[PDB]
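S.K.: Encoded as structure tokens, here's the structure I'll be asking about.
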Amino acid sequence: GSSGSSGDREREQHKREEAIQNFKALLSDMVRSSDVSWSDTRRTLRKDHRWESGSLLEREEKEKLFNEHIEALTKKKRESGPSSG
């Protein structure tokens, strides 16, 4: 079908989707490090502006995202404990 996307085919979900991606990006930008704890993070994000819209994601959802973002970062880190299977 037409490559270009247009129309109000998907608005409901879309609304949320935006929050999801936006949340992740905000985590990397704000929390670029991986040596931090959820508590501190959440509190910090709670002050951010975008966070407002992030409300969509339930406490659990948000917490999960952050954690995942951290573990992922370390992986990139050149020097890091022996992680294999």
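Note on naming: chains are A, B, ... as they come in the structure tokens, residues start from 1 per chain, ligands start from 1 in the order shown.
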Residues within 8 Å of region 65-72 of chain A, please, as a PyMOL selection string. Count only C-alpha atoms; anything in the same chain fewer than 6 positions from it doesn't count.
M.R.: chain A and resi 24+27-28+33-35+38
S.K.: Which is closer to residue 25 (chain A) than all the others in A:74, A:84, A:50, A:1, using only C-alpha atoms?
M.R.: A:50
S.K.: Neighbouring residues of region 53-62 of chain A were defined as those with any atom within 9 Å, considering only C-alpha atoms; residues of the same chain fewer than 4 positions away were excluded. Please report them as a PyMOL selection string.
M.R.: chain A and resi 16+19-20+22-23+42+49+66-67
S.K.: Tell me, as a PyMOL selection string, which residues lie within 12 Å of residue 40 (chain A), counting only C-alpha atoms; anything in the same chain fewer than 4 positions away does not count.
M.R.: chain A and resi 30-31+35-36+44-47+63+66
S.K.: Can you list, as a VMD selection string, every residue of chain A that DSSP puts in alpha helix (DSSP H)?
M.R.: chain A and resid 12 to 30 38 to 47 51 to 54 59 to 76
S.K.: Those same residues - C-alpha atoms - I'd like them written as a PDB file, in the first residue's frame.
M.R.:
```pdb
ATOM      1  CA  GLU A  12      -6.049   5.523  20.286  1.00  0.00           C
ATOM      2  CA  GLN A  13      -2.918   3.390  20.629  1.00  0.00           C
ATOM      3  CA  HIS A  14      -0.757   5.910  18.772  1.00  0.00           C
ATOM      4  CA  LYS A  15      -1.422   8.419  21.553  1.00  0.00           C
ATOM      5  CA  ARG A  16       0.221   6.036  24.020  1.00  0.00           C
ATOM      6  CA  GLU A  17       2.930   4.756  21.676  1.00  0.00           C
ATOM      7  CA  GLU A  18       4.335   8.288  21.526  1.00  0.00           C
ATOM      8  CA  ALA A  19       4.668   8.273  25.315  1.00  0.00           C
ATOM      9  CA  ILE A  20       6.507   4.945  25.241  1.00  0.00           C
ATOM     10  CA  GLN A  21       9.205   5.978  22.767  1.00  0.00           C
ATOM     11  CA  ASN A  22       9.382   9.445  24.323  1.00  0.00           C
ATOM     12  CA  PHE A  23       9.905   7.874  27.748  1.00  0.00           C
ATOM     13  CA  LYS A  24      12.841   5.737  26.616  1.00  0.00           C
ATOM     14  CA  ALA A  25      14.544   8.653  24.866  1.00  0.00           C
ATOM     15  CA  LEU A  26      14.050  10.797  27.970  1.00  0.00           C
ATOM     16  CA  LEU A  27      15.687   8.061  30.047  1.00  0.00           C
ATOM     17  CA  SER A  28      18.825   8.018  27.897  1.00  0.00           C
ATOM     18  CA  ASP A  29      19.067  11.810  27.713  1.00  0.00           C
ATOM     19  CA  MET A  30      18.382  12.474  31.395  1.00  0.00           C
ATOM     20  CA  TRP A  38      15.360   3.726  40.264  1.00  0.00           C
ATOM     21  CA  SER A  39      14.281   5.835  43.239  1.00  0.00           C
ATOM     22  CA  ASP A  40      16.657   8.682  42.396  1.00  0.00           C
ATOM     23  CA  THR A  41      15.715   8.401  38.721  1.00  0.00           C
ATOM     24  CA  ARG A  42      11.934   8.396  39.129  1.00  0.00           C
ATOM     25  CA  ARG A  43      12.193  11.376  41.480  1.00  0.00           C
ATOM     26  CA  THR A  44      14.376  13.195  38.953  1.00  0.00           C
ATOM     27  CA  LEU A  45      12.071  12.404  36.033  1.00  0.00           C
ATOM     28  CA  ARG A  46       9.062  13.456  38.109  1.00  0.00           C
ATOM     29  CA  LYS A  47      10.496  16.969  37.821  1.00  0.00           C
ATOM     30  CA  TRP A  51       7.337  13.085  32.370  1.00  0.00           C
ATOM     31  CA  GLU A  52       3.910  14.712  32.651  1.00  0.00           C
ATOM     32  CA  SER A  53       2.735  12.952  29.490  1.00  0.00           C
ATOM     33  CA  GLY A  54       4.626   9.854  30.585  1.00  0.00           C
ATOM     34  CA  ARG A  59       4.594   3.064  37.909  1.00  0.00           C
ATOM     35  CA  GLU A  60       5.462  -0.560  37.145  1.00  0.00           C
ATOM     36  CA  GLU A  61       5.786   0.067  33.406  1.00  0.00           C
ATOM     37  CA  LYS A  62       8.026   3.091  33.960  1.00  0.00           C
ATOM     38  CA  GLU A  63      10.208   1.324  36.527  1.00  0.00           C
ATOM     39  CA  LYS A  64      10.663  -1.592  34.127  1.00  0.00           C
ATOM     40  CA  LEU A  65      11.690   0.700  31.269  1.00  0.00           C
ATOM     41  CA  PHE A  66      14.342   2.529  33.291  1.00  0.00           C
ATOM     42  CA  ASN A  67      15.862  -0.675  34.668  1.00  0.00           C
ATOM     43  CA  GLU A  68      16.003  -2.110  31.147  1.00  0.00           C
ATOM     44  CA  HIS A  69      17.678   1.077  29.917  1.00  0.00           C
ATOM     45  CA  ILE A  70      20.382   0.722  32.567  1.00  0.00           C
ATOM     46  CA  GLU A  71      21.238  -2.947  32.046  1.00  0.00           C
ATOM     47  CA  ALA A  72      21.346  -2.208  28.316  1.00  0.00           C
ATOM     48  CA  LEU A  73      23.817   0.651  28.753  1.00  0.00           C
ATOM     49  CA  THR A  74      26.312  -1.427  30.734  1.00  0.00           C
ATOM     50  CA  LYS A  75      26.370  -3.885  27.833  1.00  0.00           C
ATOM     51  CA  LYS A  76      27.813  -1.114  25.663  1.00  0.00           C
TER      52      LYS A  76
END
```
